[PDB]
């Protein structure tokens, strides 16, 4: 079928997504940038989708509808869940965009995440399926993992939703393009790695460094010491990098950086369709832009050495990496407005 601006798609019902693409790229994402709005949009895909629990369903309780737009339609309820702190900003920005284009909240949330991530240097090109219904119910509370949850708790929660430990690690490649706002509000915008617009392996490297710094006046719930000026570290990321259930796969994205994009893409296709049947949706994947940027060689930060890495994979040593020359420059906070 013929879409706008000389574009085409096998399925006429994908054509609307080209118009949503143009709008969110030019406006929400300020000209195709991998900045704040993209980071928030990518986080939102998880906070919508993870509200899904077969365990609750089998005990005769509502388990959540997964990737169903519930966090948006029922934003009054869901954004007041503790685990959903700092989410309403992006939800209230996206809501009128989805309404104006008359696309479903669930589809829009996943679309904004897929388009957004494709703008990041070396980013993924996530599968995009359309057709999720708005008719659903608010997610139960306590289904979103928290940064102070144990690795046992996180893996069990993610396992219930459908993800193996390796897949949890893959999904956390998202933290390569990511900052915090609510754990330590005064340090809003301090990112989880040195390259928050580059979909690279620096997150996996830098979380394995020894925690040495309290960046603000104190530590806060869900935070641990960071290894570099300007960086923020989550307690969960630190535990996951070191825990024997996950440490080898954590290190695998450093030993084999080319695997990060394909494994993230596969895990995200799954997460974006929680509570849905793909065979009853339509495939509009071709609307997602092709990402640009080569796979980067992960490097140790300036002034750090291999002694600063807390290597945690029993079966295989940490890979030999180059070390950046000179002294370390504080990592810039992510802009936002």
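Positions refer to the first chain, counted from 1.
- The PDB entry reports B-factors from which the mean C-alpha value can be compared for 40-48 and 24-32; the larger average falls on 24-32.
- With 82-90 and 241-249 compared on mean CA B-factor from the PDB entry, the stretch scoring higher is 82-90.
- Across the options 300, 271, 287, 311, the residue with the most elevated CA B-factor in the record is 287.
- In the deposited entry, the Cα temperature factor of residue 201 sits in the middle third of values across the chain's modelled residues.
- Placement of the Cα temperature factor of residue 66 within the chain: lowest third of the modelled residues, per the deposited record.
- Among the modelled residues of its chain, residue 117 has a C-alpha B-factor that falls in the lowest third, as given in the PDB entry.
- Per the deposited record, the Cα B-factor of residue 188 falls in the lowest third when ranked against the other modelled residues of its chain.
- When the CA B factors of the chain's modelled residues are split into thirds, the value for residue 142 lands in the highest one.
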